[PDB]
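As structure tokens, the structure follows; a few thoughts come after it.
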Amino acid sequence: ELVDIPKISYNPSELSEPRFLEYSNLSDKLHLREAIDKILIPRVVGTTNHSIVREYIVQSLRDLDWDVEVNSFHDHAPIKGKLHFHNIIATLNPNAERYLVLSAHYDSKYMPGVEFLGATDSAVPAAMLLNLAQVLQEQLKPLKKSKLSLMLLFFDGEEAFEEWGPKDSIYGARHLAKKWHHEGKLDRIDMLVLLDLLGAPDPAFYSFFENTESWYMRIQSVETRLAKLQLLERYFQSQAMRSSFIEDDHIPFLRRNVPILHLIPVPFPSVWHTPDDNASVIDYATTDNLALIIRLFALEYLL
Ligand SMILES: COc1ccc(NC(=S)NCCCn2ccnc2)cc1OC
Ligand SMILES: [Cl-]
Ligand SMILES: [Zn+2]
């Protein structure tokens with residue numbers, strides 16, 4: 001299962017001390033909390049709430065001068081039948097040649113009679129991405145015009161409607177990876193960074209994929225550097241995990257040799273797919289720290 005990551009993959013934080021200090025002190029706690037609050041509502045595909053959450057994501061980023069495409073399509077799910085799914089694709093430069101993609105799923109799992117909020121899964125991850133664009137507004141402006149740019153991708157229909165299987169999960173990612181495959185729009189992904197199950201306490205991360213192990217070690221180094229500077233209020237292990245075959249929105253991209261960085265803890269939060277994955281499970285020290293590490297990774301990668 002676990003192997004120590006070899007030195008060849010170490011990839012220390014590169015930002016200059018003044019820039020690392022400057023950027024690591026950018027935050028917006030209130031906005032992060034407000035974004036969480038707006039998304040932390042039952043949001044099953046096809047519900048009014050599902051549309052409201054899409055609108056909030058869409059308008060938040062449009063107001064930050066991002067280009068936002070909504071990829072709408074129909075597909076049949078068990079129980080529900082014909083559903084209208086809506087992936088959200090936000091770019092700072094819509095005419096960039098290449099992208100770092102940060103992603104999370106915005107739907108919540110259909111759990112009859114239970115108003116499942118999916119706080120970690122993935123209300124908090126989506127919020128971290130809105131918060132990232134909000135916090136780093138100034139520093140990301142250059143990426144509106146550059147060849148390498150940033151994409152925030154919000155997947156729809158990640159969750160199963162009946163029982164998690166290859167045909168009853170990741171509805172939006174399966175459609176989009178297929179669509180981009182056909183349109184020749186997958187090679188442009190430097191890597192797809194997928195945030196999932198974040199916001200609960202004591203997350204442990206591991207590198208899942210050897211072609212991105214090096215950029216995992218850049219996040220690990222960001223975390224180390226922040227610890228040393230007293231900027232955190234450890235998560236990333238210097239170990240990789242093989243034959244874990246965790247299924248999520250990345251799979252249809254992974255299958256087609258898009259490099260994945262899967263930011264999902266192992267073990268999953270204890271409250272996973274229970275009603276306790278709600279407002280009360282969110283650890284806001286952990287959430288602030290993770291959001292920061294991810295914001296700095298993004299800046300490390302993109303400059
Ligand atoms: C009990 O913890 C686990 C449960 C299942 C699996 N195996 C798979 S294939 N999970 C697919 C995850 C889909 N998903 C992610 C977020 N919302 C839904 C691994 C677990 O711990 C490693
Ligand atoms: Cl509703
Ligand atoms: Zn889930």
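Every number for a ligand or one of its atoms is a count from 1 in the order of the listing. For this chain, numbers begin at 1 and follow the sequence in order. Below, all heavy atoms of this structure are taken into account, side chains as well, without hydrogens, waters or symmetry copies.
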Practice task
Give a yes or no on whether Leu152 and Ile89 share a hydrophobic cluster (residues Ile, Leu, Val, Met, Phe, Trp, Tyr; joining criterion: side-chain heavy atoms under 4.5 Å apart).
Solution key: no

Would you be so kind as to tabulate the donor-acceptor pairs closer than 3.5 Å made by side chains of residues 190-198, with sequence neighbours excluded?
| from | atom 1 | to | atom 2 | distance (Å) |
| --- | --- | --- | --- | --- |
| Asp190 | OD1 | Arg98 | NH1 | 3.3 |
| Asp190 | OD2 | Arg98 | NH1 | 2.9 |
| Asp190 | OD2 | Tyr301 | OH | 2.5 |
| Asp196 | OD1 | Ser122 | OG | 2.6 |

Exercise for the section: Output yes if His273 passes the N/O/S-under-2.8 Å test against the Zn ion (ligand 3); output no otherwise. Expected result: yes

Practice task
Would you please write out the protein residues whose heavy atoms approach any atom of ligand 1 to under 4.0 angstrom, listed by chain and number?
Solution key: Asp121, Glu158, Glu159, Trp164, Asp196, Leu197, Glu247, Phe268, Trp272, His273

Handout entry: Close aromatic pair by centroid cut-off 6.0 Å: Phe205 and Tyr235
Key = no

Handout entry: Salt bridge present between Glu223 and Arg234 (N-O < 4.0 angstrom)
Key = yes

Exercise for the section: Can you label the angle between the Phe85 ring and the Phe73 ring as parallel, tilted or perpendicular, going by 30° and 60°? Expected result: parallel

Exercise for the section: State which residue, out of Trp164, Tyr110, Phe161, fulfils the ring-ring contact (aromatic ring centres under 6.0 Å, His included) condition with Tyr171. Expected result: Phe161

Problem - Minimum-distance N/O/S atom that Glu159 presents toward the Zn ion (ligand 3) - result: OE2

Exercise for the section: Could you tell me whether the Zn ion (ligand 3) has an N, O or S atom of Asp121 under 2.8 Å away? Expected result: yes

Practice task
Could you tell me whether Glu158 and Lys109 have a side-chain N and a carboxylate O separated by less than 4.0 Å?
Solution key: no

Handout entry: Pair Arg225 + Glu17: basic N to acidic O under 4.0 Å
Key = yes

Exercise for the section: Look at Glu158 and state whether any of its N, O or S atoms is less than 2.8 Å from the Zn ion (ligand 3). Expected result: no

